[PDB]
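Student: sequence unknown, structure follows:
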């Protein structure tokens, strides 16, 4: 039964779906817990914009870095070898970039981050209520109502309209981004099915072979290290550990401990 | 017992039904959670129309792309081979297009998306209440009542009628689409049973053979890679991993690690 | 039997779906000449559609087409056509009928239909009180249950008389299908050339052969693929079960193209010099 | 659920509900009656018997008793549904609501209007009556429901006597002692079970040969090989021989020994 | 089953000259239906019929028929009685039947406030509670006298049966020439023969069915247990109708050579 | 709810309930008494005793010593029903509520009406009494219940003495010591249970010996096959032989040795 | 519920309940006492001693030791029921409610009516008293319950002293050291187990040997075959032989070695 779970774990679509669901849940928890939408007139666009970008950037970097094989790819970087490196890089990038795309999409769909983000950028010259011959209190109240300040002075309905407008735009952006992303994927796949010299079945076989041989060589290296250490003990103490020791014992002296300290 | 589940998984009707149910549930959750029906007079048809089309388009693209064999079909594209490619393409298309059809049908049947979508397109010259010598407030209120604004000024009953009318049309469209879809399927099946050179039993046997040989060759490729890596280790370290290693050990030097770094 | 349970699940499936449909999404548009079309489509459209998936999913349907395209002469005898046509309908055409009757029985589909046609002067228990211009319009609003309490008296009779018509109409439909099935079964046995024990044995054989055919075909695909793997690698890796098949099932090779065509299509039931042949596949083996 | 859909809904309207009552009762009875005929095996060989003779060679009198068996066995469903409706009483009150004579009404002084006697008497079953005549709606309902239950009890009584009468005469007029009918009945049930059981085994083996002849082998489960080995097929069976073991059969003796079915007559050579 | 019980449950129609017709039907007819079932299942009634059929001359006198006919009803008239008695003890059936026959002057617990306009109509409405509140005392009063008159008869009926059963049992033992102890063996023999007969009839049925199918299909398919049946119990043919005709009929203790024969079959087993 | 049907329902009416009190207590007592006689095997061999002699030569000295046992082993069932009803008190209070003397009520002053004293007293068991007499009813109800509960306890005492009286006489007048009677008691049951068990088997073997002659073979269960393989039969037991083991047996000694059952008397060949 | 059947319901009435309470507790004690004599085998052989002699040869004094045993052993049942009722107190308070002197009443001033004294006091146990005398009702209820419990605790005390005197004197005046009596009391209760056990076996074996001579064989279970095989019977034991092992026995010694039971005495001839 657990073998089936591991088999589905090998399915990349399932692991990417798990990543997307986990990122969406984390974003929802973060928004519901620790956002608070600071309401300062001076720099409020900064807070929302940072909330939009920094989590996406750190998730992208984490996805790129958590894959060990990309380090080897870069080391080789720093014919067919170039094509294979490009294919592996694209395949790893896909999973590296799925999560930040999910974060951006869900944030835009929710709309709160964009709502608090570009709120002071709203156009109010159309509305005749906001005269503000001072020209400064207008920006103050504009940044002030979207966060938590109702300020029930007839402006609330206006503010909702403004909010609605921004929210509407947010949704579009999300979907717009989504559209572009999908388009990119398609053309990206085109490259992976146009510049690739290997057959479609050849690529999957080759990847399975690479994973098999990597695991096999790791196991072989561990076993070789184990055998080398076993040999070191059977040459120092004169007996093989884990076997019948009642035959001989070296009884090493003080000078013998220094020899095994070399590695 | 789990073998029976896998056997029913092989049944295409069951997997398509699962896809349809999952899409319907996701659509219901999305509608109940994150729709909100923006109520702006200017561009409200845009929001509903996009909600109708973009999810359908992305689901269609995902269904087309998630099938790996279509990449091979396109690569072959870019006699009997043409007929086989056409048959495989039709069979894969069916499952590729079932989900977006389900989304469109369920959305139209619910009617909310169409309700908020073409609301400002309603005909009001028949109703004598909407004079609006300004000719602009009329469109504003027309877009304003369907979302959440009751505006209890005798117009509510009128608005319900309007809503009803739109809802009625929505239902028809859904069923209309459904009808067309089924008709298409029938004639599509006709082609798959008219242009196909293979017998009805020949096609199923050939497909089973193709799946069996694909899996068999993937397993054989993995095993060949495993054997090649095993041979590499038994030629480098001088022993076969996983067997009795107590016979010989190469003890490779620094120069030996470079040789295995070629692949 | 297996056939009855297969039909029973479908009959339960649509009834539950009909119950589900009648709750989430059915709102009669109370607008003149709109509910009438809406009411008719609320019955026929699921009915026509549900009949279609019945035809498509039926394996025997393409068997009829394959022979029809191959023969181009409709040389199939009347009796085998009577078997297949009465087989697809008995397996597929059941679903629309069950949806059609239950929709009539509940009455909410029909009550929208003839609500337009209701005669204002046909009302009783009081003098007719309807304007000559809005009589049709006011009736169209009856099914919505939003009629004023002043018109409630006249609405209940109208909403029930149609509901009377629907249930009576739905019952009458059940009589027709019930009679037809009884009529068809007698015609099937009367016009068949072989007694029902033969028909039972033959139809019982048809299931067993095709069940045997499907299991063998999947195995034959695996063993043929495995042998080609050996030719392309020089070795084959197999589990416990599949490895037994290759050692127990020699590969005959590829059958000739006409041989595959000979085992598809309709059954002529030509007795081999008095010895019966129960399918084309059986004839092919006994023929050679 | 299903009972909610098929739930009786009395259309309170004159000259109209008794049509509904007939259809809401007769059609369920008619449908159930058909299933009785369709599933019964003794009805098809009866029809199949007419196929071979095609000229009414056999007299109708000997075959009449079988026709008594086909109707009797099938009639359980219509009666057990007709009786249940009568005892419930819902069908009958809506059927005869508008035929109650106002003159014979009782349990109240004569306040019954005559402007629309049928109409107001039609609306009684559906609670759509004036409360001033509510006692009448209880009086009329109780009298009509009384008539339904009496008919229901009379009907089940007549079925009870007819079951006895047709079972007292059947033993009397049959030429065999009742114990022979006990063996004969137990033989028929045993024959059909064994006959049908072998058909699956014979088909599965025969299909194996045809599939083996065309794939070069057959895929089998654990017990199939036992079926193949223990029960090999040497061919098929001619159609006219099958025809000799179909159709109705009357008790016929051979050399002073009974034959209980055509298959037995065929098996005796 | 709560729905099935609700269908059969008594629903008294409060109306004159009408309920006691229903009361007659609501108890008599289920009694008649139960009685008919008692006749059919009683195996003794069929060989009684077969005895009246094969001889075609009415050879047996009244005494051989009378002694058996008592057992036909006795083993079957139990079912109507335990239904009639249970109804009377409940009392609902009786009070509905006689609710229109109590004499108004015989009522008590209230003065002459009982209306005499339509006495039979108002009295008939008592069981269904459909009574004016001013006569609720009268309603209960009649609801108890009639309950009593049922219950006394219900208990009285049980007593009479409990005498007839004892009288019938005592007379049979004193009149039959057999000792009571030998009858117990005789009763213990009819059951063993019948159970062995029916069980062994099935086996000699299946074997004949198996033998006939084999000639047609070319072989026979049997279950694991049925395989032993064919080998252990082989048959050679059937049994003639006269042989089947010597074991279906009433038998009354024809002794042979001073040694009893306990059933028709036993008499046939001696070839007599 | 079968017990709910036979539940007592007191009909409150003068000169009427005590009939119902009788016929709803006496009749189940009579039914229980009859059942005791019918199922008691000691009553049939009594009947078969006078049947086969057809003359009644035997006197009443041997009959009365057995006849008491017939009722004694059976009369317990009515008494344990008669006493239970009296202890509950329902049977008596409804039966005798009509006879309560209108001058013997206490716990209240002279408030009892004299218009219909019997009628109003008749309805006391049904609790349909006006609240102005609730003291009177709770006085009559508790007084009558005493009389029943006194009679019930007294009746138990009388059986508690008759049993001890009988058990003493049955051991003082009989010519056999009790330790021997226990053997004679442990033999009558030991034989009868063997006889019934062996009657069933010799019935089945005889049955399987006839069905075989009618079918050529007999269907028998696996354990039943052992029965035929072990207990073969040659025929049937003659009627006079069956007629010598039915009846009443009274300790007929043989040649200085005892016989404990009438069958035993025939076993020695007597 | 049999608890509700035998429940003690106090009839509150003058000169009536104490008669009831007498018969509502004493009578079950009488039944319990009767049971003790009947079941105790030490009284039948005492009776059996009186029947064989027909002359009263045996003196009363030797038999008084055994005569006190049957009454003593059976005396638990009345005491364990007389005491339990007394401690519960319901029996006594209803019995002695009507004897309480109104003048000697306490806990309240002299406001107790004396027009009909016994009537009010008789009603105390049923709580059917006006609340104006609730203090009086409770006071008599507690005081009367006190005498019951004090009598009950006295009753159990007296029995314990009687048992102590009985057992101490029985061991003192018996002519056997109490260790030997334990062996003897471990014999009579051991013989009677074997004697009962073989009574059935030598009965069933004699049962089978009678049925077999009649039917021709005997039905038996697997265990019963061992009874017939291992233990064969030849005849029956003479009636005077049974007469020699029933009655009372009082340590008759033989030659200087004890015989513990009368059967053992007969086992030496």
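Tutor: Right, received. Where do you want to start? Numbering: from 1, shown residues only, chains lettered A, B, ... in the order given.
Student: Residue C:251: neighbour count?
Tutor: Neighbour count for residue C:251, taken as other CB atoms under 10 Å in any protein chain shown: 15. Quick note: C-beta positions are derived from backbone N, CA and C, even for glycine.
Student: ok but it is inside a helix, no?
Tutor: No. Under DSSP: H, G, I helix; E, B strand; the rest coil, residue C:251 sits outside any helix and is assigned coil.
Student: which SSE is the residue lying closest to it once chain neighbours are set aside in?
Tutor: Spatial nearest neighbour of residue C:251, chain neighbours left out: residue C:227 (5.7 Å); criterion: CB to CB, 6 or more residues apart in numbering or on different chains. Per DSSP states H and E, residue C:227 falls inside helix C:196-233.
Student: Please look at residue C:86 and residue C:188 and confirm they touch.
Tutor: Yes. With contact defined as CB atoms under 8 Å, residue C:86 counts as touching residue C:188 (6.1 Å).
Student: quick one, phi/psi of residue C:275?
Tutor: Main-chain dihedrals, residue C:275, degrees, to the nearest 10: phi -80, psi 120.
Student: cool, and residue C:272?
Tutor: The phi/psi pair for residue C:272 (degrees, to the nearest 10) reads phi -80, psi 90.
Student: Distance check, the residue nearest to it when sequence neighbours are not counted against residue F:90.
Tutor: Nearest-residue entry for residue C:272: residue C:286, 5.7 Å, with adjacent residues in sequence omitted and distances by CB to CB, 6+ apart. Taking CB to CB, to the nearest Å as the measure, residue C:286 falls 89 Å from residue F:90.
Student: Could you say which helix or strand holds residue 90?
Tutor: You didn't pick a chain, so chain A it is. helix A:80-110.
Student: nope, chain C please
Tutor: helix C:78-91.
Student: got a list of contacts for the following helix or strand past that helix?
Tutor: Next along the chain after helix C:78-91, taking DSSP H and E as the criterion, comes helix C:94-106. Residues outside helix C:94-106 that contact it (CB atoms under 8 Å, 6 or more residues apart in numbering or on different chains): C:7, C:10-11, C:14-15, C:18, C:22, C:42-43, C:46-48, C:50-51, C:53-54, C:109-110, C:166-167, C:169-171, C:173-174, C:177, D:5-6.
Student: repeat for stretch A:82-95
Tutor: With contact meaning CB under 8 Å, 6+ apart, stretch A:82-95 is reached by A:12, A:15-16, A:19, A:63-64, A:67, A:69-70, A:73, A:76-77, A:185, A:188, A:191-192, A:195-197, A:203.
Student: so which residue of chain A comes closest to chain C?
Tutor: Across chain A, no residue is closer to chain C than residue A:205, which sits at 11.7 Å (CB to the nearest CB).
Student: check contacts around that residue.
Tutor: B:217, B:218, B:221, B:222, B:225.
Student: cool, and residue C:59?
Tutor: By CB under 8 Å, 6+ apart, residue C:59 lies in contact with residue B:200.
Student: mind checking how far it is from residue B:204?
Tutor: The separation that residue C:59 has from residue B:204, given CB to CB, amounts to 10 Å.
Student: Same question for residue C:250.
Tutor: 23 Å.
Student: So the two - more neighbours on which side?
Tutor: More crowded of residue C:250 and residue B:204, by other CB under 10 Å: residue B:204, with 16 against 11.
Student: Roughly how far does the closest residue to chain F within chain A sit from residue A:17?
Tutor: Nearest residue of chain A to chain F (CB to the nearest CB) works out as residue A:1 at 43.7 Å. For residue A:1, the distance to residue A:17 equals 21 Å [CB to CB].
Student: which of those two has more neighbours?
Tutor: Set residue A:1 next to residue A:17 and count neighbours by other CB under 10 Å: residue A:17 wins out with 12 against 5.
Student: host element of the more buried one?
Tutor: Per DSSP H and E: helix A:12-33 holds residue A:17.
Student: Cool, thanks, talk later.
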